[PDB]
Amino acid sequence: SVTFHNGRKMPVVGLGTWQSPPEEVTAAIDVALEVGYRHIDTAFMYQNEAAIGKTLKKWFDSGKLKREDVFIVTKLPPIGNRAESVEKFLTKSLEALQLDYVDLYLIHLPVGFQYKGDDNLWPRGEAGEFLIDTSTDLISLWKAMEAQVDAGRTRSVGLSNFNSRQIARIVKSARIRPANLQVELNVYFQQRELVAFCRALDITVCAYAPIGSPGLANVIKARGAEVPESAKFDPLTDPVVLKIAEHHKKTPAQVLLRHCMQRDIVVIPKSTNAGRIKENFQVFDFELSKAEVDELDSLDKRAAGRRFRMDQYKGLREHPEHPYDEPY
């Protein structure tokens, strides 16, 4: 586990739910909690929160799992990056999860979309134009997040896909500092600089896409987008990681997760598969040498790097709070 600055502990392994359709996410969470997962990462924009709630309500009502024993993470949709809309969406998230509180609430994206509808995650105009909110003000938005911990709807609040300057701006204004930053991170994109930046401010880094995102290429092409060349790199096929995997008699995925975890970095591998779910949890048992760490450190591609880029549309790159123009 990793402990936030406010003293709350966060499990270092959680189960990602993007993209886990509700037909699959319910059984996958049943499997995850049987495995030992005590941390679930979801979001309002993933459209699986209601299914998670169904499974959680079963384990809470029936089974021997207490709510204080599980760590629930959801996020504010880019269509709510305005202080006024924050409690609306978290209230909507909570009732789908059927919980009275989440453990961690993140600003999903620095870049806001104009709210053109509650259930309209990707808003368009009279023309096919993509409705972006040029007016995203983070200081104001963050104060609404702070007000959510005071209402007890969330125990901690944090940021996702934010850069240094925007984290620094928020923390220097923060009545309650960010508890967690969730950015893309794996051995091909280790984010050395941003982790050390956050650790200096006692901000814990949760790593999404920790074993690379193999499904993502097919997902980017499913949406109207172009598959980046960094998405053509599989860190589970890399010979370095396979060599280290045989040394420990472990699988590449667990090697990749381990490398993150021993940097005190939370990781949320996403899996529908009941075997692969179990596979990614059996990772608290082995320690990586100081020498295999540096072979894994050599694998880092730093900038680009990113497969989860934010350059699909002109107005999105040109939005004043675009995080990936800065070095980190």
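One rule holds for the numbers: they count along the sequence shown, beginning at 1.
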Going by the average Cα B-factor in the PDB entry, point out whether 289 to 297 or 44 to 52 comes out higher.
289 to 297
On average, which has the higher Cα B-factor in the deposited entry, 110 to 118 or 149 to 157?
110 to 118
Between 247, 75, 124, 172, which carries the biggest CA temperature factor in the record?
247
For the listed residues 302, 39, 64, 259, which one has the largest C-alpha B-factor as given in the deposited model?
64
Residue 103 - Cα temperature factor, lowest/middle/highest third of chain
lowest
Looking at the temperature factor on the CA atom of residue 216, which third of the chain's modelled residues does it land in?
highest
For residue 241, return the chain-relative third of its C-alpha B-factor as stated in the PDB record: lowest, middle or highest.
lowest
Among modelled residues of the same chain, the CA temperature factor third for residue 207
highest
Residue 226: which third of its chain by C-alpha temperature factor?
highest
